[PDB]
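Participant: Experimental structure and sequence below, a few questions after.
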Amino acid sequence: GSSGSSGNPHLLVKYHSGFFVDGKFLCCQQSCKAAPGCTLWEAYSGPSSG
Ligand SMILES: [Zn+2]
């Protein structure tokens, strides 16, 4: 058997850098409540890849 020396099955998890008001988010303001994380690892400015 292989018990494994891992910590958790979830490694790629996101969160909401906002709040939940009027049944709508303030960070992304998605349509549903259980929507997929909005705060993704991205940025406008950065060393473009060549
Ligand atoms: Zn959000």
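Facilitator: Perfect, I can see it now. Numbering: from 1, shown residues only.

Participant: Enumerate the residues of the chain near the ion.
Facilitator: By Cβ under 5 Å from the ion, the part of the chain that sits against the ion consists of 16, 18, 25, 27-28, 38. Placement of C-beta: from N, CA and C, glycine included.

Participant: can you pick the most crowded of those residues?
Facilitator: Counting neighbours by other Cβ atoms under 10 Å, residue 25 comes out on top of those with 19 neighbours.

Participant: distance of the nearest residue to that residue once chain neighbours are set aside from residue 41?
Facilitator: Nearest residue to residue 25, sequence neighbours excluded (Cβ to Cβ, 6 or more residues apart in numbering): residue 18, at 5.2 Å. Counting by Cβ to Cβ, to the nearest Å, the gap from residue 18 to residue 41 is 17 Å.

Participant: on that earlier part again, does the residue nearest to residue 25 fall in a helix, a strand, or a coil region?
Facilitator: coil (DSSP: H, G, I helix; E, B strand; the rest coil).
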